[PDB]
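2 protein chains.
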Amino acid sequence: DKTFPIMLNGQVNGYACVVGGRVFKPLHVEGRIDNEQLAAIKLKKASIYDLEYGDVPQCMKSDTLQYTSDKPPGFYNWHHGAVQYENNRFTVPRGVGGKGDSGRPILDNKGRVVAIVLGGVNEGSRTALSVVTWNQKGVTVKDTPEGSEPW
Amino acid sequence: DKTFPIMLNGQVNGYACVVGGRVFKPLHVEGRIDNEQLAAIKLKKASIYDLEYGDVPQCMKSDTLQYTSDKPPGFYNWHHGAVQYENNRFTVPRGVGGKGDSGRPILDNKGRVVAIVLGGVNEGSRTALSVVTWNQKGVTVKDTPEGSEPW
Numbered sequence: 437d438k439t440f441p442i443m444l445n446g447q448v449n450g451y452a453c454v455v456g457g458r459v460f461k462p463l464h465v466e467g468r469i470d471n472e473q474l475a476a477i478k479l480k481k482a483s484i485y486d487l488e489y490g491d492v493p494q495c496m497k498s499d500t501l502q503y504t505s506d507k508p509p510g511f512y513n514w515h516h517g518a519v520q521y522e523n524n525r526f527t528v529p530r531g532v533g534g535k536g537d538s539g540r541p542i543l544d545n546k547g548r549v550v551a552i553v554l555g556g557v558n559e560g561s562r563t564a565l566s567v568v569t570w571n572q573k574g575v576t577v578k579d580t581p582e583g584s585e586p587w
Numbered sequence: 437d438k439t440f441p442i443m444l445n446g447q448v449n450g451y452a453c454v455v456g457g458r459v460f461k462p463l464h465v466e467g468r469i470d471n472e473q474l475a476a477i478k479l480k481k482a483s484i485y486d487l488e489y490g491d492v493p494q495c496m497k498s499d500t501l502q503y504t505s506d507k508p509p510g511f512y513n514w515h516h517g518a519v520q521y522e523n524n525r526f527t528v529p530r531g532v533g534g535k536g537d538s539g540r541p542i543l544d545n546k547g548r549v550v551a552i553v554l555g556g557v558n559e560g561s562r563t564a565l566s567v568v569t570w571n572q573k574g575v576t577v578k579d580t581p582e583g584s585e586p587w
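As structure tokens, then:
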């Protein structure tokens, strides 16, 4: 995958993934993008989903396909781990989920983008993440667990 | 198959397809057909649906069988390559998409016509084709991409 990151004062603060139809960048994290071809994309504020407007040129758009709703309880790959659950997120091994590394998509076996992470730093021995998703009919619904912390 | 070129001062500036029941020829092109039995065709103008008068008799009828709706997203036999999608045209690579080759049919695995190209010289790194499609029961739909120049 080719998801360009957000650089704030030398280090990283988030990952602004590129999905066909709408480029995603969480407004919870800050910093400037460093792609000069994507630097002219208009920064448009949106709702509590922390969404950036998709003014992507069409030929380098839809390079990353996106999984629809009715997602199974099957096996998914996280970029530093693995998760297996349908309604909420499964237990993840600890250590991952620190600070300033959110926005990385949760993929599937076919490589389609299923979900975009927003939180999930630490929630005990079993780690559950606050993550936007598609519920049943294409409704783009965010979901946080109890006592969640932004990432 | 059986598709005809349109002559304009000795050079090719379009391709005319024939389907069982009615012939086809794009509106944006002009010239003379390359057949004596197609020289008596009553030419007429139409809307962007690209409707021509198929007044050919029984002598060369039943040339290309029409493909119905419920088209699968699989392989399709383009003349200069292959197209693999249903909702819109698959991103064909560069090089193809020149000029003067309008109206070329996109065939199937069983030699059945399913769409007729109209435009899209260049979109950038990829190339989207504006074709005519049949939506759900056989109603012909003209589908176009953003800013597609006729071709």
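Here the protein sequences line up with chains A and B, keeping their order. All residue numbers for the first sequence refer to my numbering, where the first residue is 437 and numbers rise by one. All residue numbers for the second sequence refer to my numbering, where the first residue is 437 and numbers rise by one. Where a beta carbon is used, it is the ideal one built from N, C-alpha and C, also for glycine.
Those residues of the region 557–579 of chain B placed with their C-beta closer than 9 Å to a C-beta in chain A are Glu559, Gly560, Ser561, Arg562, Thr563, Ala564, ordered along the chain.
Counting only Cβ-Cβ distances below 8 Å, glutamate 582 of chain B has contacts in chain A at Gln494, in chain order. Under DSSP, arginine 548 of chain A takes part in no beta bridge, so it has no partner. The C-beta separation of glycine 456 of chain A from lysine 497 of chain A comes to about 5 Å, placing the pair in contact by the 8 Å criterion. Using a Cβ distance threshold of 8 Å, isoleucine 542 of chain B and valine 568 of chain B do not count as a contacting pair. Pairing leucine 444 of chain A with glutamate 466 of chain A, the inter-Cα distance amounts to about 7 Å.
Of the other Cβ atoms in all chains shown, fewer than 16 fall within 10 Å of the Cβ of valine 532 of chain B; this residue is therefore exposed. One thing to note: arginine 458 of chain B has its Cβ within 8 Å of the Cβ of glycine 490 of chain B. Contact between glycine 556 of chain B and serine 584 of chain B holds, with the beta-carbon distance rounding to 4 Å and staying under 8 Å. In terms of CA proximity to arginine 525 of chain A, A:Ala564 leads the group A:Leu463, A:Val448, A:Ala564, A:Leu479. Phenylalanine 511 of chain B and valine 575 of chain B have their C-alpha atoms spaced approximately 23 Å apart.
The three-state reading of DSSP puts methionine 496 of chain B in helix, counting H, G and I together.
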